[PDB]
Amino acid sequence: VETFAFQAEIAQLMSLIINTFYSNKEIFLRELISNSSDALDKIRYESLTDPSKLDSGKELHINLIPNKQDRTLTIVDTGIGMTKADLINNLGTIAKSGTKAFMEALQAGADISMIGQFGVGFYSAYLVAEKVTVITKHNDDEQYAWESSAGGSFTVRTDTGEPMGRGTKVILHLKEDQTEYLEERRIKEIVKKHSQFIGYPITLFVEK
Ligand SMILES: COc1ccc(-c2c(-c3cc(Br)c(O)cc3O)noc2NC(C)=O)cc1
């Protein structure tokens with residue numbers, strides 16, 4: 001397990017998200033579904049010139065899986081997946097500029113719900129999750145697990161759990177007072193409100 005420090009600007013963003021009073025927390029789900037859609041768009045596009053890129057799975061879709069016993073909401077997609085370099089350095093490089101723009105927008109009157117316009121919507125997960133685990137698999141690369149409970153650090157390891165084929169699984173370990181996001185009616189409501197036109201099937205699993 002390797003441990004890394006967030007860039008200071010990203011740590012500052014995470015602290016703002018965790019500490020600012022803001023009731024409209026449900027927007028986290030739109031942001032993660034949007035990221036999944038983006039990753040699905042990319043594998044679809046690349047498959048048009050190299051069909052073998054779908055050897056790791058032809059189905060392009062998103063599953064939402066609540067588990068009340070583990071207190072997790074999991075978002076699974078079969079998108080392009082992230083590489084080790086994506087997780088450790090490269091996406092963070094991009095996030096630095098988006099965070100700067102977002103911060104300046106907030107100071108100037110914008111609200112947290114506009115976060116995705118700056119390319120850093122992932123971090124809205126910390127509105128509802130005490131810990132986020134991201135399991136991801138890109139073609140021709142290994143399966144990795146990224147994880148953070150904020151506080152300025154994250155970890156990355158090669159994942160020895162169930163093989164995914166290709167794509168990304170975001171496991172939200174929900175805060176104790178945010179368990180509404182495990183309820184079927186609540187998730188359905190949020191998907192219909194904010195993610196109704198996503199161009200891939202979204203299957204909301206039910207609990208056993
Ligand atoms: C908004 O920035 C993004 C958006 C998506 C990704 C991504 C992902 C990805 C990342 C997150 Br977090 C997520 O919730 C879902 C995803 O499928 N998998 O490959 C990618 N790789 C690419 C290039 O999309 C990475 C950065």
# chains A, B, ... in the order shown; residues from 1 in each chain; ligands from 1
$ residues_around --residues "residue A:172" --least-positions-apart "2" --cutoff "12 Å" --atoms "only C-alpha atoms" --output "PyMOL selection string"
chain A and resi 28-29+32+64-68+70-76+122-135+147-149+169-170+174-176+178-179+181-182
$ residues_near_ligand --ligand "ligand 1" --cutoff "6 Å" --atoms "only C-alpha atoms and all ligand atoms" --output "PyMOL selection string"
chain A and resi 32+35-36+38-39+77+79-82+119+122+168+170
$ atom_distance --atom1 "atom CA of residue A:46" --atom2 "atom CA of residue A:157"
26.9 Å
$ atom_distance --atom1 "atom CA of residue A:162" --atom2 "atom CA of residue A:43"
21.5 Å
$ select_by_dssp --residues "stretch 39-126 of chain A" --states "strand (DSSP E or B)" --output "list in words"
residues 62, 63, 64, 65, 66, 67, 72, 73, 74, 75, 76 and 77 of chain A
$ write_last_selection --atoms "C-alpha atoms" --output "mmCIF file, in the first residue's frame"
data_model
loop_
_atom_site.group_PDB
_atom_site.id
_atom_site.type_symbol
_atom_site.label_atom_id
_atom_site.label_comp_id
_atom_site.auth_asym_id
_atom_site.auth_seq_id
_atom_site.Cartn_x
_atom_site.Cartn_y
_atom_site.Cartn_z
ATOM 1 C CA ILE A 62 -23.887 1.930 -14.941
ATOM 2 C CA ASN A 63 -25.084 0.012 -11.839
ATOM 3 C CA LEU A 64 -26.075 1.624 -8.536
ATOM 4 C CA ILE A 65 -25.811 -0.798 -5.630
ATOM 5 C CA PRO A 66 -26.889 0.064 -2.085
ATOM 6 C CA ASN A 67 -25.911 -2.149 0.826
ATOM 7 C CA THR A 72 -22.216 1.637 1.255
ATOM 8 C CA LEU A 73 -23.531 2.993 -1.995
ATOM 9 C CA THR A 74 -21.518 1.663 -4.921
ATOM 10 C CA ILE A 75 -21.505 3.095 -8.432
ATOM 11 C CA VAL A 76 -20.126 0.665 -11.043
ATOM 12 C CA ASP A 77 -19.440 1.471 -14.683
#
$ residues_around --residues "residue A:60" --least-positions-apart "2" --cutoff "7 Å" --atoms "only C-alpha atoms" --output "ChimeraX atom specification"
/A:40,58,78-79,200
$ atom_distance --atom1 "atom CA of residue A:6" --atom2 "atom CA of residue A:136"
19.0 Å
$ residues_around --residues "residue A:191" --least-positions-apart "5" --cutoff "9 Å" --atoms "only C-alpha atoms" --output "list in words"
residues 29, 30, 186, 196 and 202 of chain A
$ write_last_selection --atoms "C-alpha atoms" --output "mmCIF file, in the first residue's frame"
data_model
loop_
_atom_site.group_PDB
_atom_site.id
_atom_site.type_symbol
_atom_site.label_atom_id
_atom_site.label_comp_id
_atom_site.auth_asym_id
_atom_site.auth_seq_id
_atom_site.Cartn_x
_atom_site.Cartn_y
_atom_site.Cartn_z
ATOM 1 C CA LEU A 29 -24.726 11.263 -7.335
ATOM 2 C CA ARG A 30 -25.091 13.340 -10.513
ATOM 3 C CA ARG A 186 -34.461 8.256 -2.638
ATOM 4 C CA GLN A 196 -32.539 11.298 -16.491
ATOM 5 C CA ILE A 202 -28.537 2.933 -15.207
#
$ select_by_dssp --residues "stretch 13-200 of chain A" --states "helix (DSSP H, G or I)" --output "MDAnalysis selection string"
chainID A and resid 13:19 27:47 51:54 84:107 112:118 121:127 179:182 184:194
$ closest_residue --among "A:118, A:21, A:154, A:45" --to "residue A:88" --atoms "only C-alpha atoms"
A:154
$ residues_around --residues "residue A:85" --least-positions-apart "4" --cutoff "12 Å" --atoms "only C-alpha atoms" --output "mmCIF file with N, CA, C and O atoms, in the first residue's frame"
data_model
loop_
_atom_site.group_PDB
_atom_site.id
_atom_site.type_symbol
_atom_site.label_atom_id
_atom_site.label_comp_id
_atom_site.auth_asym_id
_atom_site.auth_seq_id
_atom_site.Cartn_x
_atom_site.Cartn_y
_atom_site.Cartn_z
ATOM 1 N N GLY A 81 -11.784 3.098 -17.580
ATOM 2 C CA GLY A 81 -10.957 2.773 -16.433
ATOM 3 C C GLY A 81 -9.796 3.738 -16.292
ATOM 4 O O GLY A 81 -9.408 4.412 -17.250
ATOM 5 N N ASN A 89 -1.117 10.957 -10.131
ATOM 6 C CA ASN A 89 -0.607 12.260 -10.532
ATOM 7 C C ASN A 89 -1.397 13.032 -11.587
ATOM 8 O O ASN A 89 -1.614 14.235 -11.449
ATOM 9 N N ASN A 90 -1.819 12.359 -12.645
ATOM 10 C CA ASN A 90 -2.262 13.098 -13.812
ATOM 11 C C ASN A 90 -3.632 13.752 -13.673
ATOM 12 O O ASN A 90 -3.801 14.916 -14.032
ATOM 13 N N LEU A 91 -4.597 13.034 -13.111
ATOM 14 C CA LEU A 91 -5.902 13.642 -12.882
ATOM 15 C C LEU A 91 -5.807 14.756 -11.844
ATOM 16 O O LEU A 91 -6.498 15.761 -11.940
ATOM 17 N N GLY A 92 -4.920 14.594 -10.866
ATOM 18 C CA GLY A 92 -4.691 15.643 -9.882
ATOM 19 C C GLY A 92 -4.112 16.914 -10.481
ATOM 20 O O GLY A 92 -4.433 18.027 -10.048
ATOM 21 N N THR A 93 -3.238 16.765 -11.467
ATOM 22 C CA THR A 93 -2.703 17.917 -12.179
ATOM 23 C C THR A 93 -3.833 18.730 -12.809
ATOM 24 O O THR A 93 -3.892 19.954 -12.691
ATOM 25 N N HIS A 138 -8.134 -0.444 -16.272
ATOM 26 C CA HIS A 138 -7.971 0.008 -17.648
ATOM 27 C C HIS A 138 -7.343 -1.135 -18.435
ATOM 28 O O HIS A 138 -6.568 -1.919 -17.885
ATOM 29 N N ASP A 141 -3.565 -2.735 -18.242
ATOM 30 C CA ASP A 141 -3.019 -2.268 -16.970
ATOM 31 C C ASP A 141 -3.643 -3.109 -15.874
ATOM 32 O O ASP A 141 -4.564 -3.885 -16.129
ATOM 33 N N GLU A 142 -3.134 -2.980 -14.656
ATOM 34 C CA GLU A 142 -3.621 -3.803 -13.565
ATOM 35 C C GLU A 142 -4.819 -3.148 -12.910
ATOM 36 O O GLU A 142 -5.120 -1.976 -13.166
ATOM 37 N N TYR A 144 -6.500 -1.478 -9.814
ATOM 38 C CA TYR A 144 -6.034 -0.710 -8.663
ATOM 39 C C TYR A 144 -7.154 -0.318 -7.726
ATOM 40 O O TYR A 144 -8.300 -0.150 -8.152
ATOM 41 N N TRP A 146 -7.797 2.819 -5.130
ATOM 42 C CA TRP A 146 -7.484 4.125 -4.555
ATOM 43 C C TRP A 146 -8.418 4.322 -3.375
ATOM 44 O O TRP A 146 -9.574 3.888 -3.403
ATOM 45 N N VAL A 156 -2.942 4.131 -2.717
ATOM 46 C CA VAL A 156 -3.153 3.331 -3.919
ATOM 47 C C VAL A 156 -2.472 1.990 -3.728
ATOM 48 O O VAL A 156 -1.361 1.922 -3.203
#
$ decode --residues "stretch 78-110 of chain A" --atoms "C-alpha atoms" --output "JSON list (two decimals), in the first residue's frame"
[["chain", "number", "residue", "atom", "x", "y", "z"],
["A", 78, "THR", "CA", -17.80, -0.36, -17.58],
["A", 79, "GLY", "CA", -15.98, 2.72, -18.86],
["A", 80, "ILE", "CA", -12.38, 3.09, -19.96],
["A", 81, "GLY", "CA", -10.96, 2.77, -16.43],
["A", 82, "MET", "CA", -8.10, 4.67, -14.83],
["A", 83, "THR", "CA", -4.37, 3.93, -14.92],
["A", 84, "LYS", "CA", -1.99, 4.13, -11.96],
["A", 85, "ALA", "CA", -0.66, 7.43, -13.34],
["A", 86, "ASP", "CA", -4.23, 8.76, -13.57],
["A", 87, "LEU", "CA", -4.81, 7.97, -9.90],
["A", 88, "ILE", "CA", -1.55, 9.24, -8.46],
["A", 89, "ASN", "CA", -0.61, 12.26, -10.53],
["A", 90, "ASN", "CA", -2.26, 13.10, -13.81],
["A", 91, "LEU", "CA", -5.90, 13.64, -12.88],
["A", 92, "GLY", "CA", -4.69, 15.64, -9.88],
["A", 93, "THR", "CA", -2.70, 17.92, -12.18],
["A", 94, "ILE", "CA", -5.89, 18.71, -14.07],
["A", 95, "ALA", "CA", -7.88, 19.06, -10.84],
["A", 96, "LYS", "CA", -5.54, 21.81, -9.59],
["A", 97, "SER", "CA", -6.67, 24.31, -12.24],
["A", 98, "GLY", "CA", -10.33, 23.32, -11.94],
["A", 99, "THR", "CA", -10.17, 23.75, -8.18],
["A", 100, "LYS", "CA", -8.66, 27.23, -8.51],
["A", 101, "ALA", "CA", -11.45, 28.25, -10.89],
["A", 102, "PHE", "CA", -14.11, 26.70, -8.65],
["A", 103, "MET", "CA", -12.80, 28.43, -5.52],
["A", 104, "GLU", "CA", -12.83, 31.80, -7.20],
["A", 105, "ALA", "CA", -16.39, 31.17, -8.39],
["A", 106, "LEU", "CA", -17.51, 30.37, -4.84],
["A", 107, "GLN", "CA", -15.86, 33.46, -3.35],
["A", 108, "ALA", "CA", -17.76, 35.32, -6.07],
["A", 109, "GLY", "CA", -21.19, 33.84, -5.30],
["A", 110, "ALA", "CA", -21.47, 30.45, -6.98]]
